[PDB]
file coords_9.cif (mmCIF, C-alpha atoms)
data_model
loop_
_atom_site.group_PDB
_atom_site.id
_atom_site.type_symbol
_atom_site.label_atom_id
_atom_site.label_comp_id
_atom_site.auth_asym_id
_atom_site.auth_seq_id
_atom_site.Cartn_x
_atom_site.Cartn_y
_atom_site.Cartn_z
ATOM 1 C CA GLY R 1 96.247 -80.965 161.491
ATOM 2 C CA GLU R 2 96.682 -79.044 158.164
ATOM 3 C CA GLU R 3 98.601 -80.045 154.975
ATOM 4 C CA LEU R 4 101.056 -77.710 153.112
ATOM 5 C CA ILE R 5 101.683 -79.165 149.575
ATOM 6 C CA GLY R 6 99.179 -79.718 146.747
ATOM 7 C CA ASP R 7 96.115 -77.888 145.409
ATOM 8 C CA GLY R 8 95.868 -74.339 146.734
ATOM 9 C CA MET R 9 99.677 -73.858 146.729
ATOM 10 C CA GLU R 10 99.706 -71.547 143.610
ATOM 11 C CA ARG R 11 97.156 -69.232 145.380
ATOM 12 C CA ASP R 12 99.594 -68.663 148.372
ATOM 13 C CA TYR R 13 102.247 -67.309 145.996
ATOM 14 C CA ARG R 14 100.084 -64.744 144.119
ATOM 15 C CA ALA R 15 101.339 -61.174 143.612
ATOM 16 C CA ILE R 16 99.378 -58.373 145.347
ATOM 17 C CA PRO R 17 100.901 -55.034 144.165
ATOM 18 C CA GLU R 18 98.938 -53.166 146.872
ATOM 19 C CA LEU R 19 100.565 -55.160 149.742
ATOM 20 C CA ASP R 20 103.902 -56.015 148.033
ATOM 21 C CA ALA R 21 105.412 -52.508 148.615
ATOM 22 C CA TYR R 22 106.156 -50.126 151.544
ATOM 23 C CA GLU R 23 103.791 -47.209 152.453
ATOM 24 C CA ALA R 24 105.019 -43.568 152.624
ATOM 25 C CA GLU R 25 103.516 -43.160 156.152
ATOM 26 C CA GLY R 26 105.844 -44.373 158.933
ATOM 27 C CA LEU R 27 108.964 -44.066 156.781
ATOM 28 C CA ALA R 28 111.392 -41.054 156.831
ATOM 29 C CA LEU R 29 109.708 -37.898 155.476
ATOM 30 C CA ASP R 30 112.838 -36.844 153.450
ATOM 31 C CA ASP R 31 116.324 -37.942 152.239
ATOM 32 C CA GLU R 32 118.161 -35.796 154.909
ATOM 33 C CA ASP R 33 121.711 -36.767 156.067
ATOM 34 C CA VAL R 34 121.443 -39.110 159.122
ATOM 35 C CA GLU R 35 124.014 -39.153 161.956
ATOM 36 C CA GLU R 36 125.646 -42.644 162.204
ATOM 37 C CA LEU R 37 126.835 -43.876 165.682
ATOM 38 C CA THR R 38 130.424 -43.293 166.905
ATOM 39 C CA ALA R 39 132.292 -45.591 169.381
ATOM 40 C CA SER R 40 131.127 -43.455 172.381
ATOM 41 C CA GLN R 41 127.424 -43.346 171.244
ATOM 42 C CA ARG R 42 127.555 -47.157 170.607
ATOM 43 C CA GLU R 43 129.213 -47.983 174.009
ATOM 44 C CA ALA R 44 127.017 -45.670 176.205
ATOM 45 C CA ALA R 45 123.993 -47.415 174.572
ATOM 46 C CA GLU R 46 125.496 -50.978 174.928
ATOM 47 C CA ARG R 47 126.333 -50.232 178.621
ATOM 48 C CA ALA R 48 122.771 -48.898 179.348
ATOM 49 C CA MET R 49 121.078 -51.824 177.536
ATOM 50 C CA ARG R 50 123.013 -54.425 179.581
ATOM 51 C CA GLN R 51 122.027 -52.340 182.683
ATOM 52 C CA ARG R 52 118.310 -53.176 182.105
ATOM 53 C CA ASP R 53 117.955 -55.822 184.943
ATOM 54 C CA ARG P 1 95.456 -51.595 165.773
ATOM 55 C CA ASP P 2 96.348 -55.345 166.008
ATOM 56 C CA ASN P 3 99.041 -55.602 163.309
ATOM 57 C CA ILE P 4 100.370 -59.055 164.477
ATOM 58 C CA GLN P 5 97.342 -60.523 162.639
ATOM 59 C CA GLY P 6 99.112 -59.152 159.511
ATOM 60 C CA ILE P 7 101.478 -62.171 159.872
ATOM 61 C CA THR P 8 98.692 -64.071 158.096
ATOM 62 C CA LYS P 9 97.994 -67.818 157.710
ATOM 63 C CA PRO P 10 99.390 -67.620 154.049
ATOM 64 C CA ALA P 11 102.699 -65.949 155.223
ATOM 65 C CA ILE P 12 103.150 -68.525 158.028
ATOM 66 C CA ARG P 13 102.726 -71.435 155.498
ATOM 67 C CA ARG P 14 105.205 -69.754 153.043
ATOM 68 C CA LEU P 15 107.862 -69.471 155.846
ATOM 69 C CA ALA P 16 107.276 -73.120 156.941
ATOM 70 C CA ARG P 17 107.379 -74.267 153.244
ATOM 71 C CA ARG P 18 110.765 -72.526 153.004
ATOM 72 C CA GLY P 19 111.649 -74.239 156.328
ATOM 73 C CA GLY P 20 111.142 -77.658 154.667
ATOM 74 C CA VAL P 21 107.967 -78.352 156.736
ATOM 75 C CA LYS P 22 105.673 -81.053 155.153
ATOM 76 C CA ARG P 23 102.424 -80.539 157.276
ATOM 77 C CA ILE P 24 101.389 -78.022 160.020
ATOM 78 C CA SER P 25 99.137 -77.966 163.141
ATOM 79 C CA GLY P 26 96.461 -75.289 163.638
ATOM 80 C CA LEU P 27 97.898 -73.959 166.973
ATOM 81 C CA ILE P 28 101.113 -73.025 165.010
ATOM 82 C CA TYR P 29 99.615 -69.822 163.554
ATOM 83 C CA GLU P 30 99.131 -68.133 166.986
ATOM 84 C CA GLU P 31 102.396 -69.750 168.248
ATOM 85 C CA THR P 32 104.517 -68.416 165.240
ATOM 86 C CA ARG P 33 102.858 -64.955 165.693
ATOM 87 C CA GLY P 34 104.028 -64.891 169.319
ATOM 88 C CA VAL P 35 107.641 -65.994 168.437
ATOM 89 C CA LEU P 36 107.775 -63.152 165.867
ATOM 90 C CA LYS P 37 106.225 -60.472 168.245
ATOM 91 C CA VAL P 38 108.959 -61.264 170.909
ATOM 92 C CA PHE P 39 111.904 -61.313 168.381
ATOM 93 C CA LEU P 40 110.652 -58.021 166.777
ATOM 94 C CA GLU P 41 110.066 -56.361 170.203
ATOM 95 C CA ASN P 42 113.603 -57.296 171.487
ATOM 96 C CA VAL P 43 115.314 -56.243 168.189
ATOM 97 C CA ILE P 44 113.282 -52.920 167.811
ATOM 98 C CA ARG P 45 113.794 -51.908 171.570
ATOM 99 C CA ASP P 46 117.598 -52.238 171.069
ATOM 100 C CA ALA P 47 117.457 -50.431 167.642
ATOM 101 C CA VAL P 48 115.355 -47.491 169.074
ATOM 102 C CA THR P 49 118.000 -47.203 171.842
ATOM 103 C CA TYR P 50 120.855 -46.705 169.266
ATOM 104 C CA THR P 51 118.613 -44.047 167.515
ATOM 105 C CA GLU P 52 118.149 -42.203 170.864
ATOM 106 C CA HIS P 53 121.894 -42.271 171.781
ATOM 107 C CA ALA P 54 122.876 -40.925 168.310
ATOM 108 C CA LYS P 55 120.490 -37.940 169.079
ATOM 109 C CA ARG P 56 118.012 -38.573 166.168
ATOM 110 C CA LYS P 57 114.382 -39.823 165.507
ATOM 111 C CA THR P 58 115.257 -41.760 162.277
ATOM 112 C CA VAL P 59 115.917 -45.466 162.520
ATOM 113 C CA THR P 60 118.717 -46.312 160.058
ATOM 114 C CA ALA P 61 119.546 -49.775 158.612
ATOM 115 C CA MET P 62 122.748 -49.800 160.719
ATOM 116 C CA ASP P 63 120.775 -49.184 163.967
ATOM 117 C CA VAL P 64 119.003 -52.423 162.915
ATOM 118 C CA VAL P 65 122.362 -54.239 162.244
ATOM 119 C CA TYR P 66 123.760 -53.169 165.671
ATOM 120 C CA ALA P 67 120.500 -54.294 167.426
ATOM 121 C CA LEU P 68 120.570 -57.666 165.616
ATOM 122 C CA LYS P 69 124.291 -58.402 166.455
ATOM 123 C CA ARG P 70 123.509 -57.728 170.144
ATOM 124 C CA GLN P 71 120.548 -60.167 169.930
ATOM 125 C CA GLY P 72 122.862 -62.838 168.351
ATOM 126 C CA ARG P 73 121.921 -62.378 164.659
ATOM 127 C CA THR P 74 124.294 -61.365 161.850
ATOM 128 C CA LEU P 75 122.721 -60.101 158.607
ATOM 129 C CA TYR P 76 124.895 -60.117 155.448
ATOM 130 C CA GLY P 77 124.701 -56.923 153.380
ATOM 131 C CA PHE P 78 124.668 -54.416 156.327
ATOM 132 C CA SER O 1 116.717 -60.092 144.755
ATOM 133 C CA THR O 2 112.904 -60.689 145.194
ATOM 134 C CA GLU O 3 111.514 -62.905 148.114
ATOM 135 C CA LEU O 4 107.775 -63.630 148.854
ATOM 136 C CA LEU O 5 107.495 -64.854 152.511
ATOM 137 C CA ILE O 6 105.926 -62.087 154.672
ATOM 138 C CA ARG O 7 104.113 -59.372 152.624
ATOM 139 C CA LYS O 8 105.779 -55.843 152.736
ATOM 140 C CA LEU O 9 102.804 -53.544 153.758
ATOM 141 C CA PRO O 10 101.580 -55.743 156.763
ATOM 142 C CA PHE O 11 105.263 -56.186 157.906
ATOM 143 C CA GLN O 12 105.943 -52.366 157.949
ATOM 144 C CA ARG O 13 102.705 -51.664 159.884
ATOM 145 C CA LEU O 14 103.783 -54.178 162.583
ATOM 146 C CA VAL O 15 107.341 -52.666 162.960
ATOM 147 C CA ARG O 16 105.625 -49.214 163.114
ATOM 148 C CA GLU O 17 103.244 -50.556 165.868
ATOM 149 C CA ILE O 18 106.027 -52.180 167.949
ATOM 150 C CA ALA O 19 108.243 -49.031 167.773
ATOM 151 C CA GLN O 20 105.248 -46.982 169.124
ATOM 152 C CA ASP O 21 105.340 -49.057 172.384
ATOM 153 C CA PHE O 22 108.924 -47.722 172.901
ATOM 154 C CA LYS O 23 109.035 -44.168 171.359
ATOM 155 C CA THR O 24 106.948 -41.480 169.563
ATOM 156 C CA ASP O 25 107.974 -39.433 166.401
ATOM 157 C CA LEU O 26 110.025 -42.417 165.200
ATOM 158 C CA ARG O 27 110.551 -42.661 161.412
ATOM 159 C CA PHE O 28 112.158 -45.624 159.781
ATOM 160 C CA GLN O 29 114.373 -45.848 156.773
ATOM 161 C CA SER O 30 113.100 -48.021 153.850
ATOM 162 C CA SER O 31 116.526 -49.757 154.390
ATOM 163 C CA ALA O 32 115.775 -50.158 158.194
ATOM 164 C CA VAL O 33 112.381 -51.916 157.634
ATOM 165 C CA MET O 34 113.990 -54.075 154.840
ATOM 166 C CA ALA O 35 116.785 -55.079 157.331
ATOM 167 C CA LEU O 36 114.224 -56.162 160.008
ATOM 168 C CA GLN O 37 112.244 -58.062 157.331
ATOM 169 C CA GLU O 38 115.220 -60.092 155.986
ATOM 170 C CA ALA O 39 116.131 -60.690 159.719
ATOM 171 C CA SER O 40 112.584 -61.904 160.677
ATOM 172 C CA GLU O 41 112.124 -64.140 157.547
ATOM 173 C CA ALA O 42 115.673 -65.631 158.109
ATOM 174 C CA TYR O 43 114.960 -66.230 161.832
ATOM 175 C CA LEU O 44 111.545 -67.873 161.248
ATOM 176 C CA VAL O 45 112.683 -69.971 158.177
ATOM 177 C CA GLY O 46 115.674 -71.173 160.281
ATOM 178 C CA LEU O 47 113.490 -71.879 163.344
ATOM 179 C CA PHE O 48 110.982 -73.736 161.046
ATOM 180 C CA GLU O 49 113.948 -75.996 160.018
ATOM 181 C CA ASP O 50 114.819 -76.691 163.711
ATOM 182 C CA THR O 51 111.139 -77.254 164.759
ATOM 183 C CA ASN O 52 110.791 -79.648 161.767
ATOM 184 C CA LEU O 53 113.601 -81.859 163.264
ATOM 185 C CA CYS O 54 111.939 -81.923 166.735
ATOM 186 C CA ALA O 55 108.717 -83.339 165.046
ATOM 187 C CA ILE O 56 110.745 -86.032 163.127
ATOM 188 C CA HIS O 57 112.332 -86.922 166.528
ATOM 189 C CA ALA O 58 108.790 -87.575 167.950
ATOM 190 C CA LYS O 59 108.361 -89.280 164.507
ATOM 191 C CA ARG O 60 105.759 -86.888 163.108
ATOM 192 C CA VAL O 61 105.325 -85.071 159.771
ATOM 193 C CA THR O 62 102.871 -82.483 161.259
ATOM 194 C CA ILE O 63 104.675 -79.690 163.180
ATOM 195 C CA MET O 64 103.246 -78.844 166.619
ATOM 196 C CA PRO O 65 103.904 -75.918 169.046
ATOM 197 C CA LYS O 66 105.855 -78.381 171.332
ATOM 198 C CA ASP O 67 108.472 -78.558 168.504
ATOM 199 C CA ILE O 68 108.643 -74.681 168.175
ATOM 200 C CA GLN O 69 109.097 -74.433 171.992
ATOM 201 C CA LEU O 70 111.826 -77.195 172.066
ATOM 202 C CA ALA O 71 113.830 -75.672 169.130
ATOM 203 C CA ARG O 72 113.712 -72.231 170.866
ATOM 204 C CA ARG O 73 114.631 -73.769 174.302
ATOM 205 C CA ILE O 74 117.803 -75.551 172.951
ATOM 206 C CA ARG O 75 118.852 -72.244 171.190
ATOM 207 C CA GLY O 76 118.515 -70.660 174.712
ATOM 208 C CA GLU O 77 115.609 -68.338 173.917
ATOM 209 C CA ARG O 78 112.947 -69.095 176.615
#

call {"tool": "encode", "arguments": {"input": "coords_9.cif", "output": "structure tokens"}}
result
Amino acid sequence: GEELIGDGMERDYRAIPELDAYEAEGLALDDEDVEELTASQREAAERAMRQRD
Amino acid sequence: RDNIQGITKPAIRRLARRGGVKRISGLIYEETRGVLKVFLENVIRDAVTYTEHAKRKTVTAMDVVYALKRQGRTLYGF
Amino acid sequence: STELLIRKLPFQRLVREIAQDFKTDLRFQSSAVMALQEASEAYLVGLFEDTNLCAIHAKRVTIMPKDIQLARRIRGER
């Protein structure tokens, strides 16, 4: 049974530059043009996903 | 690598504070973590599928929008 | 445009971990991770609102996992 408002609030809202931004690793290696889904590509996916029992 | 523990006790209080929540039980932290894991798994699995069908390995923001709309969520901005 | 709920580095590393369960050589767009983060924060803030009501109904200030589970059940998530 914990409480959420009062002393110690300020501390929860501190800025941590190190954690407040996204890492290079995991993200796309370069700014290359990415192929966006057509109606066919979207449907064949949507059909398969429903067909997942 | 157990990266669900990255949805820390501070981050769970900040979300509940924003939710209007006055006080919180202890069991909530591992409950909230589980609710997030499941939502993220179901949304990512659908997103990865759109990436595969469009014959690429890069998850775009629109693969995320299509996955969300299927899972009943609609994000403004696209 | 700034919002401090879930921290950005631990969020990314969780999305990266969950995508690994489904597919290898997956890269995300900065835009893609940002989409999933706005989506998760919006889902959890909104669910924290609904779980808050369930507590008030049982006439309690302190939110319990029975409130999270009820809110989710009525939404048709179980």

call {"tool": "closest_residue", "arguments": {"input": "coords_9.cif", "among": "O:21, O:77, O:38, O:49", "to": "chain P", "atoms": "only C-alpha atoms"}}
result
O:49

call {"tool": "interface_residues", "arguments": {"input": "coords_9.cif", "of": "chain O", "to": "chain P", "cutoff": "6 Å", "atoms": "all atoms listed in the file", "output": "ChimeraX atom specification"}}
result
/O:5-6,10,14,26-29,31-32,45,48-49,52,61-65

call {"tool": "interface_residues", "arguments": {"input": "coords_9.cif", "of": "chain R", "to": "chain O", "cutoff": "12 Å", "atoms": "all atoms listed in the file", "output": "number ranges by chain"}}
result
R: 1-4, 12-34

call {"tool": "resolve_selection", "arguments": {"input": "coords_9.cif", "expression": "the PyMOL selection byres ((chain R and resi 38-51) around 8)", "output": "list in words"}}
result
residues 36, 37, 52 and 53 of chain R; 46, 49, 50, 53 and 54 of chain P

call {"tool": "atom_distance", "arguments": {"input": "coords_9.cif", "atom1": "CA of residue 67 in chain O", "atom2": "CA of residue 55 in chain O"}}
result
5.9 Å

call {"tool": "atom_distance", "arguments": {"input": "coords_9.cif", "atom1": "CA of residue 58 in chain O", "atom2": "CA of residue 42 in chain O"}}
result
25.0 Å

call {"tool": "atom_distance", "arguments": {"input": "coords_9.cif", "atom1": "CA of residue 47 in chain O", "atom2": "CA of residue 71 in chain O"}}
result
6.9 Å

call {"tool": "axis_aligned_box", "arguments": {"input": "coords_9.cif", "around": "range 46-62 of chain P", "padding_each_side": "3 Å", "output": "JSON"}}
result
{"center_x": 118.6, "center_y": -45.1, "center_z": 165.2, "size_x": 14.5, "size_y": 20.3, "size_z": 19.2}

call {"tool": "residues_around", "arguments": {"input": "coords_9.cif", "residues": "residue 72 in chain O", "least_positions_apart": "6", "cutoff": "9 Å", "atoms": "only C-alpha atoms", "output": "list in words"}}
result
residues 47, 50, 51 and 78 of chain O
